[PDB]
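Worksheet: the structure to be examined is printed underneath.
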Amino acid sequence: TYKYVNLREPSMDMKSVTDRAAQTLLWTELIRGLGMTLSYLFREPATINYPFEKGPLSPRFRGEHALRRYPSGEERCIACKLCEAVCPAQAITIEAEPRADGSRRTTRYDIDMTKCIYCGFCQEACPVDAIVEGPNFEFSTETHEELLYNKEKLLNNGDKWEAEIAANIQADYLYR
Amino acid sequence: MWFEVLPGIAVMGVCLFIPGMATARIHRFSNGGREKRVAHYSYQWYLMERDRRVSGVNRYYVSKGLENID
Amino acid sequence: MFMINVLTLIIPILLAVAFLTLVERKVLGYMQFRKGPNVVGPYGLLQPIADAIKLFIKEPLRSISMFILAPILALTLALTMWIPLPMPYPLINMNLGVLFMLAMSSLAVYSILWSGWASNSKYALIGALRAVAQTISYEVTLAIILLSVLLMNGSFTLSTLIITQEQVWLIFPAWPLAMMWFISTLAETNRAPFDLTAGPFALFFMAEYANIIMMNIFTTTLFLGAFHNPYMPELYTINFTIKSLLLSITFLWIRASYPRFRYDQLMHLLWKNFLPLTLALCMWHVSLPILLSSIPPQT
Amino acid sequence: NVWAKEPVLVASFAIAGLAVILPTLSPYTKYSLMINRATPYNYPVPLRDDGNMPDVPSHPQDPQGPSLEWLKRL
Amino acid sequence: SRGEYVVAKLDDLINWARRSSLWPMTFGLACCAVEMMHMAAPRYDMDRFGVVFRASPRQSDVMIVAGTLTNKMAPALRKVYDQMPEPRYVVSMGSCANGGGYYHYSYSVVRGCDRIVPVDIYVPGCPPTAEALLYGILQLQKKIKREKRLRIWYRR
Amino acid sequence: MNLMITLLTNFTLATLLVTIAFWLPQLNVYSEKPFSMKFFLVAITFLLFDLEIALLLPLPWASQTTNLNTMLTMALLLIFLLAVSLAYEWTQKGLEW
Amino acid sequence: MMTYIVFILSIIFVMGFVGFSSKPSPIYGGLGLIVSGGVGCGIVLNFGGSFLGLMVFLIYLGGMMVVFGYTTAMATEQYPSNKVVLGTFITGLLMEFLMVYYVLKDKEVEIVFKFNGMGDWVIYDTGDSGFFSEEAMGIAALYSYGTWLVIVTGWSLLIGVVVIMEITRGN
Ligand code: SF4
Ligand code: SF4
Ligand code: SF4
């Protein structure tokens, strides 16, 4: 099963050789190339006007690294360190202490947005879907200090929108 | 579409239109309305010099038509 | 009024080249699927103006006299080379102007070599030496083809040329000669497919694109156009301007499409394809008026 | 043959050979010679009358001398 | 007061002319170069903003470091960085560039690009989306809007 | 002298453009830090064809004279000699790469 | 800006010749000779001059200095002044100023000649009916009259081509 190419000889019939000679000395297929480029000139461009028209995306985009909390309740996090156990860049840093109430919680929960390669393993490895990849794309921060998110940064980040993340999860809790 | 490339074409064509219009109006404006006498040959320059001489205005384009017959 | 004529020539060269840059960028954009540029202001005019400004405020660094003397020659050619171009009434009625075109193209070759010497002993200057060699390999072709297309016009005066173009265009008695000459205009403008190749970059860039507009205006005058009706020259000005604009868009449009040559393929192609064909078409144009009994009125 | 090898060379030698040979066939080279000889530049001089010539017409209106009439008749 | 008015309007004019176009040079080692080429795409034009890809270093306005810097690359990186005009700004694109990223705990990898050049914009992502990089370039333009250069020269 | 005035105005305005390119920024901020043979053949080749162009090019001014046969003869002889020089370097494999 | 505009352009012409015959570096010499060729073209076009001066300007400036600077740049270096060069320029400038002194402040200047240094509108024609040029039918000879001369000229140039390729490794 094969199809090898460049099987034509230059035909020594006078018609084909004078057509190639007129092609050479009349500049024909160069004008054919100009015709193809004009055919793409008079089309309509596929340029979205970016700061107004934002581009299309997916329901499963991987953005913000936000956290979540229970409906009328506290943090969905447990600090069982599975996300630091699976984080391939080892960007997750967890130090955990329980409060006086008895339930297990944290102290420190750090994401190196520098080191973060944005897999989705921490989304697809947390047993309660505590840390969730956000929908957005805008981090764009001027100082290298400020791309090191702390736990309270993530809480004020995930509490900046719930219904977005919950809408995506309700759309996407069956394929995964 | 290319409706928007047409203002750039039009403005740059205005920029191409202006120097010829300015030149032609200055020739028709600073030579008494007569076209500037193009001259390449010594015959025509001698003719132009005697023309500007016989006018008395020291301008060759005044052209002093048909009055010194008497 | 004569300095006013000079100012009305060389003040629209800045606007002409800048709006040429926006026109070619927009045209390449619509050749592709791009609206570039339209966001920055109304249809992208302040973007080339303010971008030229930003290019003037770049603050660069550094032989110094040579580095002075090269772009000053380039831009004074770009200024002083629209003099006899007969938009109906030319600036100076030169008895011969086409040979002045050839001489100042050679002065542009001077400019490129002086920049290459000022580039201070670099593999870039070896490449610029090769660019000087390819640019100098073209004024043979341009002068000989220009000689033949004026041979059907008698005199060098170019007003005789605007007389000759009244009945039919001169594109019909010499179309393949015109084709080779237009490829030589692509060649002299040192742009695609004929490439490659510090500051002041605005002045050097200005010199190249004013050279482009000169070659397109001279192309439009040499081969086609309209009739010089006196006491309304603006009609000829408008029709000439429209045809020159369409030719310059076609010129950038042919630049928008093909990969650039190999240097040795460029030399090989130039000599072994244009140069015997130039000589053969030119000897046929010599023997043509004696076999049609139509030698032009050399006054 | 060589028509595929270097075709621009073949067309060049063809138009060159016709440009060389082709002036041998013309009804127009005599017209070229008459045009390019009978165009006056300098002044047509006068001369003394008493050579008693049955030529050299004394009046420019007078057609007794050799002139042109095929010009206006193309 | 009126001199302050003149300096303010002139400074705003020249900062506007700087933030007008800003053509960079595409440095681009790894797959973030492919995403730079994909923000040169028809669906996301650099050329709508005056942004032009141009590898001429001597007319580079800003510089986009994108890819994975190595020890063998870094001296040539700063040697390219210094042959640049004096108003210069750096966009670090990519998780590798803005802090080492996935190859962080490794030899032959410079930990980010803070260790070579000053950095102005950090746009993260692996790769950062062309969407996100273009948001970063707009935020760069607004950083250029807030600069008060000639006002500081006037009250100097 | 009109064209001398044009040359003077263009030269002076272009020098003012160069000095605007150089001595404009008042913000003095921080001052910081083998050849080949086949290159030479092309130039002399151009040179000799340019010389024969100089021989050819006063042709159309000459087109109004009586000795048409000698004109056409020596004109064809000049273009033929030019093409013979080209064909000589073409067949003696000179300008090749 | 006076009567002696041909004389002033002649003075700048002599200045350029002294500028490269003061023996500079050869690319500076090529610069000065470009200056000299431009102002000599100015002198001949002042005599009018319409055809031949701007004609061979193409061959001289348009064909020679480019090849000279080409070979000068590619062959040797002189890559980064001396008192002998500037001293030759001093002596040339002093002899030029001495000629200006003896022309303008005296009647005549005689080295071994008789130069009447005054307004050189003389000699000139009294505006005859030329109606073409002198140069027009002048160089529009060589074809109805020039049988032998252009034949041996083109023959010499063809021999020049074969000489050049032989020296630069014929075949
Ligand atoms: S975010 Fe999830 S996986 Fe990570 S420590 Fe908390 S509960 Fe465990
Ligand atoms: S996406 Fe990957 S690198 Fe980023 S925090 Fe989650 S597991 Fe770690
Ligand atoms: S950040 Fe990701 S996409 Fe960019 S260079 Fe590194 S591995 Fe490639």
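Ordered as shown in the structure tokens, chains take letters A, B, and onward, while each chain numbers its residues from 1 and ligands are numbered from 1 in the order shown.
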>> Counting only C-alpha atoms and all ligand atoms, what are the residues, protein, DNA or RNA alike, that approach ligand 3 to within 10 Å? I want them as a PyMOL selection string.
In response: (chain A and resi 114-118) or (chain E and resi 28-36+65-69+93-103+123-129)
Residue selection dump (N, CA and C atoms) as a short mmCIF file (atom, residue, chain, number, x, y, z; two decimals), in the first residue's frame:
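out-v6.cif, freshly written:
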data_model
loop_
_atom_site.label_atom_id
_atom_site.label_comp_id
_atom_site.auth_asym_id
_atom_site.auth_seq_id
_atom_site.Cartn_x
_atom_site.Cartn_y
_atom_site.Cartn_z
N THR A 114 4.30 30.66 39.54
CA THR A 114 5.47 30.48 38.69
C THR A 114 5.63 29.02 38.32
N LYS A 115 5.75 28.15 39.32
CA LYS A 115 6.02 26.73 39.08
C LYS A 115 4.82 26.00 38.51
N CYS A 116 3.62 26.54 38.67
CA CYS A 116 2.39 25.88 38.24
C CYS A 116 2.36 25.65 36.74
N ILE A 117 2.28 24.38 36.34
CA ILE A 117 2.23 24.02 34.93
C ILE A 117 0.80 23.86 34.43
N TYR A 118 -0.19 23.96 35.33
CA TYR A 118 -1.62 23.97 35.02
C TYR A 118 -2.05 22.65 34.37
N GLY E 28 11.84 33.79 22.12
CA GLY E 28 11.13 32.56 21.83
C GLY E 28 11.88 31.25 21.72
N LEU E 29 12.32 30.66 22.83
CA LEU E 29 13.06 29.40 22.71
C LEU E 29 12.13 28.21 22.46
N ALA E 30 11.30 27.87 23.43
CA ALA E 30 10.51 26.65 23.44
C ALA E 30 9.09 26.90 22.93
N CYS E 31 8.17 25.99 23.26
CA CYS E 31 6.76 26.05 22.87
C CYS E 31 6.03 27.37 23.13
N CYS E 32 6.49 28.20 24.06
CA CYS E 32 5.93 29.54 24.15
C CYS E 32 6.22 30.39 22.91
N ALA E 33 7.25 30.06 22.13
CA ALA E 33 7.42 30.72 20.83
C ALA E 33 6.32 30.33 19.87
N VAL E 34 5.90 29.07 19.92
CA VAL E 34 4.79 28.62 19.09
C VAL E 34 3.53 29.38 19.48
N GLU E 35 3.35 29.63 20.77
CA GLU E 35 2.17 30.41 21.15
C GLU E 35 2.32 31.89 20.81
N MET E 36 3.55 32.41 20.73
CA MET E 36 3.73 33.76 20.18
C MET E 36 3.34 33.82 18.71
N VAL E 65 10.57 37.61 26.57
CA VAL E 65 11.30 36.41 26.92
C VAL E 65 10.27 35.31 27.12
N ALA E 66 10.32 34.29 26.28
CA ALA E 66 9.36 33.21 26.35
C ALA E 66 10.07 31.91 26.03
N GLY E 67 9.97 30.95 26.91
CA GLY E 67 10.68 29.70 26.79
C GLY E 67 11.44 29.39 28.06
N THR E 68 12.32 28.41 27.96
CA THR E 68 13.05 27.91 29.11
C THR E 68 14.49 28.37 29.02
N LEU E 69 14.86 29.30 29.88
CA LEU E 69 16.23 29.79 29.89
C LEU E 69 17.16 28.73 30.46
N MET E 93 6.86 35.75 29.35
CA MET E 93 5.75 34.89 28.98
C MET E 93 6.07 33.47 29.40
N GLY E 94 5.18 32.86 30.16
CA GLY E 94 5.38 31.44 30.31
C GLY E 94 5.88 31.06 31.68
N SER E 95 5.42 29.90 32.15
CA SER E 95 5.76 29.39 33.46
C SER E 95 7.25 29.11 33.59
N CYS E 96 7.89 28.66 32.51
CA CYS E 96 9.33 28.47 32.51
C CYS E 96 10.05 29.79 32.72
N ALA E 97 9.60 30.83 32.04
CA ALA E 97 10.35 32.07 32.04
C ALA E 97 10.16 32.85 33.33
N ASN E 98 8.97 32.80 33.91
CA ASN E 98 8.69 33.69 35.03
C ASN E 98 8.93 33.02 36.38
N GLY E 99 9.99 32.22 36.51
CA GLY E 99 10.20 31.52 37.75
C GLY E 99 10.54 30.05 37.63
N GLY E 100 11.06 29.64 36.49
CA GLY E 100 11.59 28.29 36.35
C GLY E 100 10.59 27.26 35.92
N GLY E 101 9.47 27.19 36.61
CA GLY E 101 8.38 26.36 36.15
C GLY E 101 8.64 24.91 36.45
N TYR E 102 8.40 24.07 35.45
CA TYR E 102 8.43 22.64 35.65
C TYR E 102 9.85 22.13 35.77
N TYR E 103 10.80 22.81 35.13
CA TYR E 103 12.21 22.44 35.26
C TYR E 103 12.88 23.27 36.34
N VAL E 123 3.37 37.14 32.61
CA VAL E 123 2.12 36.50 32.21
C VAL E 123 2.28 34.99 32.33
N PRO E 124 1.61 34.38 33.28
CA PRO E 124 1.78 32.94 33.48
C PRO E 124 0.78 32.13 32.69
N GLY E 125 0.91 30.82 32.79
CA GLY E 125 0.20 29.89 31.94
C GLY E 125 1.23 28.96 31.35
N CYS E 126 0.83 27.76 30.95
CA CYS E 126 1.76 26.84 30.30
C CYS E 126 1.05 26.16 29.15
N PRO E 127 1.07 26.77 27.96
CA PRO E 127 1.48 28.13 27.65
C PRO E 127 0.42 29.10 28.10
N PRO E 128 0.80 30.35 28.34
CA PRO E 128 -0.20 31.39 28.49
C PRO E 128 -0.99 31.46 27.21
N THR E 129 -2.30 31.59 27.34
CA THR E 129 -3.13 31.70 26.16
C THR E 129 -2.82 33.02 25.47
#
> Which chain E residues are at most 12 Å from chain F (counting only C-alpha atoms), as a ChimeraX atom specification?
Replying inline: /E:14,79,82-87,149-150,152-154,156
Would you write out those residues with N, CA and C atoms, as a PDB file, in the first residue's frame?
ATOM      1  N   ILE E  14       4.122  62.160  24.296  1.00  0.00           N
ATOM      2  CA  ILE E  14       5.220  61.253  23.962  1.00  0.00           C
ATOM      3  C   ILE E  14       5.007  59.876  24.578  1.00  0.00           C
ATOM      4  N   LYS E  79      23.501  39.500  26.289  1.00  0.00           N
ATOM      5  CA  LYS E  79      24.206  40.182  25.212  1.00  0.00           C
ATOM      6  C   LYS E  79      23.242  40.681  24.140  1.00  0.00           C
ATOM      7  N   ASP E  82      21.451  43.863  25.831  1.00  0.00           N
ATOM      8  CA  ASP E  82      22.144  45.134  25.961  1.00  0.00           C
ATOM      9  C   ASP E  82      22.292  45.874  24.642  1.00  0.00           C
ATOM     10  N   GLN E  83      22.146  45.200  23.508  1.00  0.00           N
ATOM     11  CA  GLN E  83      22.209  45.899  22.226  1.00  0.00           C
ATOM     12  C   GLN E  83      20.828  46.369  21.769  1.00  0.00           C
ATOM     13  N   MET E  84      20.142  47.063  22.666  1.00  0.00           N
ATOM     14  CA  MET E  84      18.757  47.463  22.515  1.00  0.00           C
ATOM     15  C   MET E  84      18.653  48.941  22.855  1.00  0.00           C
ATOM     16  N   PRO E  85      17.725  49.678  22.232  1.00  0.00           N
ATOM     17  CA  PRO E  85      17.511  51.074  22.631  1.00  0.00           C
ATOM     18  C   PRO E  85      17.084  51.209  24.083  1.00  0.00           C
ATOM     19  N   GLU E  86      17.414  52.358  24.656  1.00  0.00           N
ATOM     20  CA  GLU E  86      17.378  52.589  26.095  1.00  0.00           C
ATOM     21  C   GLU E  86      15.983  52.586  26.729  1.00  0.00           C
ATOM     22  N   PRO E  87      14.902  53.089  26.095  1.00  0.00           N
ATOM     23  CA  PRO E  87      13.580  52.746  26.638  1.00  0.00           C
ATOM     24  C   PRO E  87      13.224  51.300  26.344  1.00  0.00           C
ATOM     25  N   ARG E 149       7.206  60.746  33.219  1.00  0.00           N
ATOM     26  CA  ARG E 149       8.647  60.934  33.009  1.00  0.00           C
ATOM     27  C   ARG E 149       9.031  62.408  32.949  1.00  0.00           C
ATOM     28  N   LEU E 150       8.412  63.151  32.035  1.00  0.00           N
ATOM     29  CA  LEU E 150       8.815  64.533  31.844  1.00  0.00           C
ATOM     30  C   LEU E 150       8.302  65.433  32.964  1.00  0.00           C
ATOM     31  N   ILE E 152       8.524  64.400  36.101  1.00  0.00           N
ATOM     32  CA  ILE E 152       9.610  64.248  37.065  1.00  0.00           C
ATOM     33  C   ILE E 152      10.845  65.004  36.598  1.00  0.00           C
ATOM     34  N   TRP E 153      11.047  65.109  35.284  1.00  0.00           N
ATOM     35  CA  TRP E 153      12.137  65.950  34.798  1.00  0.00           C
ATOM     36  C   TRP E 153      11.880  67.428  35.070  1.00  0.00           C
ATOM     37  N   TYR E 154      10.620  67.856  35.039  1.00  0.00           N
ATOM     38  CA  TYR E 154      10.325  69.266  35.264  1.00  0.00           C
ATOM     39  C   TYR E 154      10.424  69.636  36.733  1.00  0.00           C
ATOM     40  N   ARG E 156      12.320  68.002  38.742  1.00  0.00           N
ATOM     41  CA  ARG E 156      13.711  67.808  39.105  1.00  0.00           C
ATOM     42  C   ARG E 156      14.426  69.144  39.014  1.00  0.00           C
TER      43      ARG E 156
END
> Do you know which residues are within 12 Å of ligand 2 using only C-alpha atoms and all ligand atoms? Can you write them as a PyMOL selection string?
Replying inline: (chain A and resi 61-67+81-94+109-126+129-134+148-149) or (chain E and resi 95+101-104+124-126)
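Here CA of residue 86 in chain G is placed at a distance of 18.3 Å from CA of residue 63 in chain C.
Using only C-alpha atoms, one finds that the residues of chain A close to chain C, at 10 Å or less, are residues 25, 26, 27, 30, 31, 33, 34, 36, 37, 38, 39, 40, 41, 42, 43, 44, 45, 46, 47, 48, 49 and 50 of chain A.
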Which neighbours of range 83-89 of chain F fall inside 9 Å, counting only C-alpha atoms, when residues of the same chain fewer than 3 positions from it are skipped, and could you give them as a compact mmCIF listing (two decimals) with N, CA, C and O atoms, in the first residue's frame?
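Contents of selection_27.txt, as written:
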# COMPACT_ATOMS: atom_id res chain seq x y z
N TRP C 271 21.42 37.41 -15.35
CA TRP C 271 22.26 37.38 -16.54
C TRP C 271 21.66 36.45 -17.59
O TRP C 271 21.16 36.91 -18.62
N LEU C 275 19.39 39.13 -19.75
CA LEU C 275 20.32 39.97 -20.50
C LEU C 275 20.40 39.66 -22.01
O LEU C 275 20.44 40.61 -22.79
N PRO C 276 20.40 38.40 -22.48
CA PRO C 276 20.23 38.21 -23.93
C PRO C 276 18.87 38.64 -24.44
O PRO C 276 18.77 39.13 -25.57
N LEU C 279 18.88 42.36 -25.06
CA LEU C 279 19.62 42.70 -26.27
C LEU C 279 18.83 42.37 -27.52
O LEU C 279 18.82 43.15 -28.48
N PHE F 49 30.04 46.15 -19.39
CA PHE F 49 28.74 46.31 -20.05
C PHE F 49 28.22 47.73 -19.93
O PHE F 49 27.55 48.21 -20.85
N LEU F 78 27.37 46.79 -32.78
CA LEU F 78 27.64 47.08 -31.37
C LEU F 78 26.86 46.15 -30.44
O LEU F 78 27.43 45.59 -29.49
N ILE F 79 25.56 45.98 -30.70
CA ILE F 79 24.79 45.05 -29.86
C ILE F 79 25.27 43.62 -30.05
O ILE F 79 25.25 42.82 -29.10
N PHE F 80 25.73 43.28 -31.25
CA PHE F 80 26.22 41.93 -31.49
C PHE F 80 27.52 41.69 -30.76
O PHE F 80 27.72 40.60 -30.21
N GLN F 92 32.52 30.20 -21.52
CA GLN F 92 33.75 29.92 -20.80
C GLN F 92 33.54 29.85 -19.29
O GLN F 92 34.49 30.10 -18.54
N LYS F 93 32.30 29.54 -18.86
CA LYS F 93 31.88 29.19 -17.49
C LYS F 93 32.39 30.17 -16.43
O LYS F 93 32.62 29.80 -15.27
N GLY F 94 32.51 31.45 -16.80
CA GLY F 94 33.08 32.45 -15.93
C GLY F 94 32.23 32.79 -14.73
O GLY F 94 32.60 32.46 -13.60
N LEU F 95 31.09 33.43 -14.95
CA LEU F 95 30.22 33.83 -13.84
C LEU F 95 29.33 32.65 -13.47
O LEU F 95 28.17 32.55 -13.87
N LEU G 158 35.90 44.55 -26.21
CA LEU G 158 35.78 43.09 -26.20
C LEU G 158 37.10 42.44 -25.80
O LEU G 158 37.13 41.47 -25.01
N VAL G 161 37.40 42.72 -22.10
CA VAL G 161 36.66 41.69 -21.37
C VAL G 161 37.47 40.39 -21.31
O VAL G 161 37.60 39.76 -20.24
N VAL G 162 38.04 39.98 -22.45
CA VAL G 162 38.76 38.71 -22.44
C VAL G 162 40.08 38.83 -21.66
O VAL G 162 40.48 37.88 -20.98
N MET G 165 39.04 38.48 -17.86
CA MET G 165 38.77 37.12 -17.41
C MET G 165 40.04 36.26 -17.41
O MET G 165 40.22 35.44 -16.49
N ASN G 171 40.35 30.05 -17.99
CA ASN G 171 38.94 30.28 -18.27
C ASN G 171 38.09 30.04 -17.03
O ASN G 171 38.55 29.45 -16.06
>> What's around residue 169 in chain A at 10 Å? Count only C-alpha atoms, leave out sequence neighbours fewer than 5 positions away in its own chain, and write the answer as a PyMOL selection string.
In response: chain A and resi 59-60+129+132+163-164+174+176
Expected file contents, prior selection, N, CA, C and O atoms, as a compact mmCIF listing (two decimals), in the first residue's frame:
# COMPACT_ATOMS: atom_id res chain seq x y z
N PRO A 59 -16.06 24.60 28.42
CA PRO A 59 -16.49 24.45 29.81
C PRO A 59 -15.43 23.87 30.73
O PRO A 59 -15.61 23.92 31.95
N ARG A 60 -14.33 23.34 30.20
CA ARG A 60 -13.32 22.68 31.01
C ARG A 60 -11.98 23.39 30.97
O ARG A 60 -10.93 22.75 31.06
N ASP A 129 -13.28 18.08 45.55
CA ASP A 129 -13.19 19.20 44.61
C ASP A 129 -13.06 20.52 45.36
O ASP A 129 -13.80 21.47 45.14
N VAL A 132 -10.18 24.21 42.71
CA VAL A 132 -10.80 24.08 41.40
C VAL A 132 -10.07 25.02 40.47
O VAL A 132 -9.76 26.16 40.84
N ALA A 163 -20.97 31.08 41.39
CA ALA A 163 -21.96 30.56 40.46
C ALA A 163 -21.34 30.23 39.11
O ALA A 163 -21.85 29.36 38.40
N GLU A 164 -20.25 30.90 38.77
CA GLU A 164 -19.45 30.52 37.61
C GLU A 164 -18.90 29.11 37.76
O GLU A 164 -19.12 28.24 36.91
N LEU A 174 -20.05 14.85 35.09
CA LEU A 174 -20.35 13.52 34.58
C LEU A 174 -19.29 12.99 33.64
O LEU A 174 -19.04 11.78 33.65
N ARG A 176 -16.21 13.66 34.02
CA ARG A 176 -15.20 13.27 34.98
C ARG A 176 -15.88 12.97 36.30
O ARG A 176 -17.04 13.31 36.47
>> Could you go through chain E and tell me which residues DSSP, when run on the backbone, assigns to alpha helix (DSSP H), listing them as an NGL selection string?
In response: :E and (2-18 or 31-38 or 74-82 or 130-145 or 149-154)
Writing out the chosen residues with C-alpha atoms as a short mmCIF file (atom, residue, chain, number, x, y, z; two decimals), in the first residue's frame:
data_model
loop_
_atom_site.label_atom_id
_atom_site.label_comp_id
_atom_site.auth_asym_id
_atom_site.auth_seq_id
_atom_site.Cartn_x
_atom_site.Cartn_y
_atom_site.Cartn_z
CA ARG E 2 1.33 77.09 32.37
CA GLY E 3 4.76 75.49 32.04
CA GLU E 4 3.38 72.63 34.11
CA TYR E 5 0.43 72.46 31.70
CA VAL E 6 2.80 72.34 28.70
CA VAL E 7 5.01 69.66 30.29
CA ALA E 8 1.94 67.58 31.22
CA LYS E 9 0.45 67.66 27.71
CA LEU E 10 3.83 67.02 26.05
CA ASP E 11 4.65 64.12 28.38
CA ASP E 12 1.22 62.62 27.70
CA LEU E 13 1.85 63.01 23.96
CA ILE E 14 5.22 61.25 23.96
CA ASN E 15 4.02 58.50 26.30
CA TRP E 16 1.06 58.03 23.98
CA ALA E 17 3.42 57.78 21.01
CA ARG E 18 5.46 55.17 22.89
CA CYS E 31 6.76 26.05 22.87
CA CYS E 32 5.93 29.54 24.15
CA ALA E 33 7.42 30.72 20.83
CA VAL E 34 4.79 28.62 19.09
CA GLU E 35 2.17 30.41 21.15
CA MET E 36 3.73 33.76 20.18
CA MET E 37 3.29 32.68 16.57
CA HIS E 38 -0.31 31.81 17.47
CA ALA E 74 21.78 33.18 29.44
CA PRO E 75 25.03 35.02 28.40
CA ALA E 76 23.78 35.36 24.85
CA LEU E 77 20.43 36.44 26.31
CA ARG E 78 21.87 39.41 28.12
CA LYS E 79 24.21 40.18 25.21
CA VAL E 80 21.08 40.48 23.04
CA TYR E 81 19.43 42.49 25.83
CA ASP E 82 22.14 45.13 25.96
CA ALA E 130 -2.78 34.22 23.32
CA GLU E 131 -5.83 35.76 24.97
CA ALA E 132 -3.88 36.09 28.23
CA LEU E 133 -0.71 37.36 26.56
CA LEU E 134 -2.70 40.02 24.77
CA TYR E 135 -4.30 41.06 28.06
CA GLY E 136 -0.75 41.32 29.36
CA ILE E 137 0.30 43.56 26.48
CA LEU E 138 -2.69 45.84 27.09
CA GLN E 139 -1.70 46.06 30.75
CA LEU E 140 1.80 46.91 29.53
CA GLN E 141 0.33 49.79 27.51
CA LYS E 142 -1.42 51.09 30.60
CA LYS E 143 1.83 50.83 32.57
CA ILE E 144 3.33 53.03 29.85
CA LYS E 145 0.36 55.38 30.30
CA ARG E 149 8.65 60.93 33.01
CA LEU E 150 8.82 64.53 31.84
CA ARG E 151 6.87 65.73 34.90
CA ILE E 152 9.61 64.25 37.07
CA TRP E 153 12.14 65.95 34.80
CA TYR E 154 10.32 69.27 35.26
#
